[PDB]
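Take a look at the structure below.
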Amino acid sequence: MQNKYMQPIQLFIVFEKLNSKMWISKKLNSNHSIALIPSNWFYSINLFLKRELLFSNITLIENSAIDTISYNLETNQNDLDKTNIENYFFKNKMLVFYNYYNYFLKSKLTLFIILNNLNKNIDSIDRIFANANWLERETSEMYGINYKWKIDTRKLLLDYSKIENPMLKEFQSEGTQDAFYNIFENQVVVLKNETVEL
Amino acid sequence: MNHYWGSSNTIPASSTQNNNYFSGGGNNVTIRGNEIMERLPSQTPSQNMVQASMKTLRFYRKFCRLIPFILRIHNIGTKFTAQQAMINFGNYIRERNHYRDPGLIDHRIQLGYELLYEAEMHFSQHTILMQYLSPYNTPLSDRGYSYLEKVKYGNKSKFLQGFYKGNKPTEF
Amino acid sequence: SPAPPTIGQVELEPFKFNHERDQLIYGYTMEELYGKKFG
Amino acid sequence: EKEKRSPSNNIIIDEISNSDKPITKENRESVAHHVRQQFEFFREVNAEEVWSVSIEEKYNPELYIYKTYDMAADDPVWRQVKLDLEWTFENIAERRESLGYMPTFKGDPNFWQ
Amino acid sequence: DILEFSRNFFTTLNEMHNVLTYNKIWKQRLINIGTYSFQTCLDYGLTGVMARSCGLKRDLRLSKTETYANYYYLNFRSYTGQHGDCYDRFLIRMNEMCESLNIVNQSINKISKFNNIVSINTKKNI
Amino acid sequence: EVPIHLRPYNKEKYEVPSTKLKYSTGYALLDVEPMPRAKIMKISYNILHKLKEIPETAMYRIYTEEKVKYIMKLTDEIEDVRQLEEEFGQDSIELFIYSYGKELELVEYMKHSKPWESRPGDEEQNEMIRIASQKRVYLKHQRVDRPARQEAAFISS
Amino acid sequence: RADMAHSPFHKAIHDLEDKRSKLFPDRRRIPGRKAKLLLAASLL
Amino acid sequence: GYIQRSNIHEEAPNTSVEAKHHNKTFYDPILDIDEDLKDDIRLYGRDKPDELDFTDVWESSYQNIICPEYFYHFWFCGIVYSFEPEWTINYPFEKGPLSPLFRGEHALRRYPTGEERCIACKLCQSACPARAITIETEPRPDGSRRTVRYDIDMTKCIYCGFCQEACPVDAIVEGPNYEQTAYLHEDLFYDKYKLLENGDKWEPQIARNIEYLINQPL
Amino acid sequence: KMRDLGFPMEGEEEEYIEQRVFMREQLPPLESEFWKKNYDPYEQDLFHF
Ligand SMILES: CCCCCCCCCCCCCCCCCC(=O)OC[C@H](COP(=O)([O-])OCC(O)COP(=O)([O-])OC[C@@H](COC(=O)CCCCCCCCCCCCCCCCC)OC(=O)CCCCCCCCCCCCCCCCC)OC(=O)CCCCCCCCCCCCCCCCC
Ligand code: SF4
Ligand code: SF4
């Protein structure tokens, strides 16, 4: 950590009604900072990021989600401290995280948003960051997040005429149906799934 | 309107005209439009089950208006009549009619519109997409059905029918 | 308070065309402002 | 007395930087101080970079120009790379020739007794 | 053997360069096709060659806080273009291929014993 | 004597030809600005003028005004373009101008968003934060004592 | 530093005149020489 | 972890002639003619020079009137590159270079006495990323810990090598055989019979490679 | 109107048309547009008809 680093406190100085929860770790890069952002302010915060002076040169590197409902500390349970970020995973249905890179500040900024509503509603930002379109499409299809005000909600990387969210911990890697060829129908069909257990 | 369903997305009726010399019109409701769908914006949020139900009814109306074209292009008219397909999809919706979450309903409507567009544009295969249109308890109209099970187990409870049928291979 | 000087959408653009450059460099010359360009 | 911080202070905990100067709505000088700190960081972070940013590079551009059949010839460094590679090969060949032979590993079936 | 491959790789680079770089058809096919600004590079999260073709000068190997290997302590060069088109991207890829040879040479030299014991009487290697 | 942010825009002072400019910006399709100081001054004055729609007490307005004042003071102090670029990072002044020009559009976005007001979901967010900070223990490590003998009861009569 | 001249890391530095002359061109391209030659020759 | 630096700039190596490591031939006047072309706005952007010269006219005339592509490139490639020996390797009668680390077809080895080296520890089964190994073991009548069923699904297995790496007794080895083309999908369901037969057939070369691999650490 | 918007106005500038007509991104919607009470398509109020 022998570098010059400054917290991205501009967001919370401007959005004066929000509380700040920020982290930095040596597990990340020296210039990488994590923060907690509420969903109802996520869209406005991205609006501010996309056009603030020092945050103008910001690109949305990555976006995804975590099914925190089934998250459990498998080892060193007692070592957990109240300041750790893992404390926000427990009992929360979903956690959608975005990661941006800023060139002026040579920094990486990750924002975590907790989704507790059962339908997983959150405002999309693909209208602010263009590359977020396919990222949010993938996230919605794989985890079932209901993005709102999204440019294109059509599936991306999922099969035709199928509805599912495979990346949820409830889903099984083997799937629920297999595609074979039917001679009677003289074409590919899909039927129930029987697999091999090692 | 700059949308796939816009009134200007119709297929021209002629190389030099739209259906007439004194009028401009085209069909985009019962067939696919002229330009492909580049973006499908999310359904505007519904704050009420009333709005959610209206969305469901409008989606079902679009599906019913499109089913004959889907059947003709996919060559599945023999398997079921247009009305039979409409009723089967109605049963599909009825199984889901218990929903009471507007956000979940909006997500479901988005998925339904997407799959309907795939069926229009031949993205899906007829055998893969007919699972939604297939009858729940009636034989397919293009095949000869077997009533051996009904003859054997006439006037017998579903439990007894399942008991005789079995639910596991007997070899192992 | 004083009225801010008019700023057009063209000025905020990253690169300028000939007609856009002419308005900005009005009263001056390309060599005078941008300096001489060699090849 | 109980929470070990003044009510005006906005910092619940600052393990990241342990800053003793809170930024609050009441003290408008805090905003100016934070702005000065932000611009100081903006200058210094770019200054400490070795390759990412260089005003000298901005004002004295150095270009690579394709002007000959051999793209290595257009760069003095790549010519030296070629020469160093050939020099290494010649040195290895000279050493091996002077030695006059090469030891090698020979399989022995008795190793599997 | 890697050093020998590096020496011979210049020949393949030149063979491709002679038929592609200066060809009028190749220049007319690539130049001014796919042109984009830094803002596109920034908006769509373009990175690597696509980003450097805009002149963003963004390389993660030569970053103070983001270097991950011996790169930060090797003296090599990264290349960027003032035109964000396919021709600039092709030139950048060729130059990066050429510079990988220099990086490999430096890396191999970092593990080489160039010097040797010199006899006091004869001033020759032992 | 008058503050720079209150003085009217001075065209003569800033809009003057500048030598020793960069031959190129280094970025594709990013032309060289001939009057970076004039552009910064115009942008700063326009931003200050448009900030009057936001409430005075707004922290967004306070932050933007302080930043604009700092930038204007530095630009006025430093006439040399190279020195100004060295102060503003070490990149082309044109990129800084382009980034700074976006605040003009950001003003209306922030006015409509109203970051200085509270949305209904803030209470839910606070509840989530509060519950996330509770102490947690595991049943496996909780002591359980052997219960005493259950007293047998008999129905009277 | 290898990217700059006279670096200690360079090894092939002594008596490279003949090798460099063989390996690299000893001629410079005049801009319009080929154009003038070919056009005049074609006309005549 | 990190380190502290005081001088960010890496100064250029000494240019003095007397100093050692001086290269008198690093710069070539004929080749290093960059400075002439460096000041050209066309290189830096879309703009054009203030004063165009007849050199551009001559260059454009040469490029357009006499299209040099069909001659320059035709010669340089067709006539010259055709003079190089072919790079082809005659596969039926010659084989490409391999290494003792090559992972080809799985096989099961034996001790020189003829006893199986495989003890049913299932380390290979657990490490198999693709779940391609199935092992069932029962005590042998003599009492040895030996497997009763050892199957490798060659169609499901990625030839990573994790099986031989995790094997503690070098029982399962991915020998060099790669010409294992099968016409029936069932022929790729390798069984213990198939693996032991492969080991018996390929023991010489496998042992030869293992000798060198074991001796390398020494 | 095109010159006011900033389109190319010269032949040599016609080759950078995409940078002025299509490349520029569209301003994202104001967040107030997500709070409308109703989103039904507008139709003329047929009261008095
Ligand atoms: C019957 C059997 C037949 C068998 C055939 C077998 C196959 C044969 C294939 C032959 C192919 C052609 C040869 C290719 C060689 C390639 C060499 C190369 O790589 O360099 C390219 C070279 C240019 O590249 P470069 O030099 O590397 O460029 C870098 C320079 O630094 C850049 O410097 P710069 O740009 O400043 O100038 C460089 C310039 C040099 O420029 C100058 O120096 C010009 C200076 C003058 C400028 C103009 C001012 C006016 C000058 C004249 C003034 C006169 C009046 C003076 C009055 C004074 C009054 C006081 O270089 C040139 O010469 C370029 C001109 C290109 C000419 C194209 C030649 C086409 C040949 C086609 C042959 C077809 C054969 C068909 C088969 C046979 C017939 C059926 O171009 C050539 O020189 C082309 C070859 C020219 C001819 C030489 C050979 C002649 C003999 C051929 C014999 C063929 C065999 C069979 C003969 C018959 C036997 C019976
Ligand atoms: S090669 Fe890898 S995947 Fe195949 S059987 Fe061996 S360990 Fe399993
Ligand atoms: S092959 Fe090796 S790792 Fe696998 S069960 Fe046998 S002894 Fe164990």
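Identifiers for the structure tokens are assigned positionally: chains receive A, B, ... in sequence, residues are indexed from 1 per chain, and ligands are indexed from 1 in the order shown.
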(request) Using only C-alpha atoms, determine which residues lie at most 10 Å from residue 21 of chain C, disregarding the query and same-chain residues fewer than 4 positions distant; provide the list as a ChimeraX atom specification. (result) /C:10-11,15-17,25-26,30
(request) Check every protein, DNA and RNA residue against ligand 3, keep those with an atom at most 6 Å away (counting only C-alpha atoms and all ligand atoms), and present them as a list in words. (result)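 Residues satisfying the distance criterion: residues 118, 119, 120, 121, 122, 123, 124, 166, 167, 168, 169, 170, 171 and 172 of chain H.
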(message) With only C-alpha atoms as the counted atoms, please give the residues lying no more than 10 Å from residue 3 of chain I, apart from itself and same-chain residues fewer than 2 positions off, as a ChimeraX atom specification.
(response) /C:10,19-20 /I:1,5-9
Just want the 9 Å neighbourhood of residue 64 of chain D, counted on only C-alpha atoms, with same-chain residues fewer than 4 positions away dropped. Output as an mmCIF file with N, CA, C and O atoms, in the first residue's frame.
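Output file result_9.cif follows:
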data_model
loop_
_atom_site.group_PDB
_atom_site.id
_atom_site.type_symbol
_atom_site.label_atom_id
_atom_site.label_comp_id
_atom_site.auth_asym_id
_atom_site.auth_seq_id
_atom_site.Cartn_x
_atom_site.Cartn_y
_atom_site.Cartn_z
ATOM 1 N N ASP D 74 13.746 -0.103 -38.522
ATOM 2 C CA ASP D 74 13.209 1.216 -38.211
ATOM 3 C C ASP D 74 13.395 1.593 -36.747
ATOM 4 O O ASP D 74 13.279 2.776 -36.409
ATOM 5 N N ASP D 75 13.673 0.626 -35.876
ATOM 6 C CA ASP D 75 13.856 0.877 -34.452
ATOM 7 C C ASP D 75 15.279 0.510 -34.053
ATOM 8 O O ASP D 75 15.700 -0.636 -34.286
ATOM 9 N N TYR E 79 2.602 0.753 -27.339
ATOM 10 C CA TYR E 79 2.345 1.586 -28.504
ATOM 11 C C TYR E 79 0.873 1.957 -28.590
ATOM 12 O O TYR E 79 -0.003 1.148 -28.271
ATOM 13 N N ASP H 34 14.288 9.498 -38.570
ATOM 14 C CA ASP H 34 12.963 9.791 -38.033
ATOM 15 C C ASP H 34 12.699 11.289 -37.994
ATOM 16 O O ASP H 34 11.601 11.740 -38.340
ATOM 17 N N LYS H 38 9.176 13.183 -38.408
ATOM 18 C CA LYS H 38 8.510 13.311 -37.116
ATOM 19 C C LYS H 38 7.535 14.481 -37.106
ATOM 20 O O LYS H 38 6.419 14.364 -36.589
#
Taking only C-alpha atoms and all ligand atoms into account, report as a JSON list (two decimals) with N, CA and C atoms, in the first residue's frame which residues have an atom no farther than 7 Å from an atom of ligand 1.
[["chain", "number", "residue", "atom", "x", "y", "z"],
["G", 27, "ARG", "N", 20.92, 2.15, -47.79],
["G", 27, "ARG", "CA", 20.36, 3.08, -48.76],
["G", 27, "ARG", "C", 19.16, 3.80, -48.14],
["G", 28, "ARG", "N", 18.91, 5.01, -48.63],
["G", 28, "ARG", "CA", 17.75, 5.80, -48.21],
["G", 28, "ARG", "C", 16.86, 6.04, -49.42],
["G", 29, "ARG", "N", 15.55, 6.04, -49.18],
["G", 29, "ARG", "CA", 14.57, 6.18, -50.25],
["G", 29, "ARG", "C", 14.31, 7.66, -50.52],
["G", 30, "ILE", "N", 14.52, 8.08, -51.76],
["G", 30, "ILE", "CA", 14.18, 9.43, -52.19],
["G", 30, "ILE", "C", 12.68, 9.45, -52.48],
["G", 31, "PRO", "N", 11.95, 10.49, -52.07],
["G", 31, "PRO", "CA", 10.49, 10.45, -52.18],
["G", 31, "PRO", "C", 9.98, 10.21, -53.60],
["G", 33, "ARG", "N", 11.79, 9.77, -56.54],
["G", 33, "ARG", "CA", 12.72, 9.23, -57.52],
["G", 33, "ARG", "C", 12.06, 8.15, -58.37],
["G", 34, "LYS", "N", 11.41, 7.17, -57.72],
["G", 34, "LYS", "CA", 10.73, 6.12, -58.47],
["G", 34, "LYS", "C", 9.63, 6.70, -59.34],
["G", 36, "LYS", "N", 9.31, 9.74, -60.70],
["G", 36, "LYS", "CA", 9.85, 10.43, -61.86],
["G", 36, "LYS", "C", 10.43, 9.45, -62.87],
["G", 37, "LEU", "N", 11.23, 8.49, -62.40],
["G", 37, "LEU", "CA", 11.83, 7.52, -63.30],
["G", 37, "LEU", "C", 10.76, 6.77, -64.09],
["G", 38, "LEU", "N", 9.78, 6.20, -63.39],
["G", 38, "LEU", "CA", 8.78, 5.38, -64.06],
["G", 38, "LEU", "C", 7.93, 6.20, -65.01]]
List every residue of chain H that has an atom at most 10 Å from any atom of ligand 2, and for each one report the closest atom pair and its distance in Å to one decimal, counting only C-alpha atoms and all ligand atoms, with rows sorted by chain and then by increasing residue number, as CSV.
residue,atom,partner,partner_atom_place_in_ligand_line,distance
H:103,CA,ligand 2,1 (S),7.5
H:104,CA,ligand 2,1 (S),8.4
H:105,CA,ligand 2,1 (S),8.3
H:106,CA,ligand 2,6 (Fe),6.9
H:107,CA,ligand 2,6 (Fe),9.8
H:123,CA,ligand 2,7 (S),9.9
H:124,CA,ligand 2,7 (S),6.4
H:125,CA,ligand 2,8 (Fe),7.3
H:126,CA,ligand 2,7 (S),8.9
H:127,CA,ligand 2,7 (S),6.4
H:128,CA,ligand 2,8 (Fe),3.9
H:129,CA,ligand 2,3 (S),5.7
H:130,CA,ligand 2,3 (S),5.1
H:131,CA,ligand 2,8 (Fe),6.5
H:132,CA,ligand 2,8 (Fe),5.2
H:133,CA,ligand 2,5 (S),5.7
H:134,CA,ligand 2,5 (S),9.5
H:151,CA,ligand 2,5 (S),9.1
H:152,CA,ligand 2,5 (S),5.8
H:153,CA,ligand 2,5 (S),7.1
H:154,CA,ligand 2,4 (Fe),6.7
H:155,CA,ligand 2,4 (Fe),8.7
H:156,CA,ligand 2,3 (S),7.2
H:157,CA,ligand 2,4 (Fe),3.6
H:158,CA,ligand 2,3 (S),3.9
H:159,CA,ligand 2,1 (S),3.4
H:160,CA,ligand 2,2 (Fe),4.2
H:161,CA,ligand 2,1 (S),4.6
H:162,CA,ligand 2,7 (S),4.2
H:163,CA,ligand 2,7 (S),3.6
H:164,CA,ligand 2,6 (Fe),6.8
H:165,CA,ligand 2,7 (S),8.3
H:166,CA,ligand 2,7 (S),8.4
H:167,CA,ligand 2,7 (S),9.7
H:172,CA,ligand 2,6 (Fe),8.2
H:173,CA,ligand 2,6 (Fe),8.3
H:174,CA,ligand 2,1 (S),6.9
(message) Could you pull out the alpha helix (DSSP H) residues of chain E, going by DSSP on the backbone, and write them as a ChimeraX atom specification?
(response) /E:2-20,24-30,38-43,49-52,86-109
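Between atom CA of residue 81 of chain D and atom CA of residue 26 of chain H lies a distance of 11.1 Å.
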Please report as a tab-separated table every residue of chain F lying within 8 Å of chain C, along with the nearest atom pair and their distance in Å (one decimal), using only C-alpha atoms.
residue	atom	partner	partner_atom	distance
F:6	CA	C:1	CA	7.7
F:7	CA	C:2	CA	7.7
F:8	CA	C:2	CA	5.5
F:9	CA	C:5	CA	6.9
F:17	CA	C:33	CA	5.5
F:18	CA	C:33	CA	6.7
F:19	CA	C:35	CA	7.2
F:21	CA	C:34	CA	7.2
F:29	CA	C:15	CA	5.8
F:30	CA	C:14	CA	5.1
F:31	CA	C:15	CA	4.9
F:32	CA	C:34	CA	7.7
F:34	CA	C:33	CA	5.8
F:42	CA	C:5	CA	6.2
F:43	CA	C:7	CA	7.7
F:45	CA	C:4	CA	5.5
F:46	CA	C:4	CA	5.4
F:49	CA	C:4	CA	6.7
F:94	CA	C:14	CA	7.7
F:98	CA	C:12	CA	6.5
F:101	CA	C:12	CA	6.1
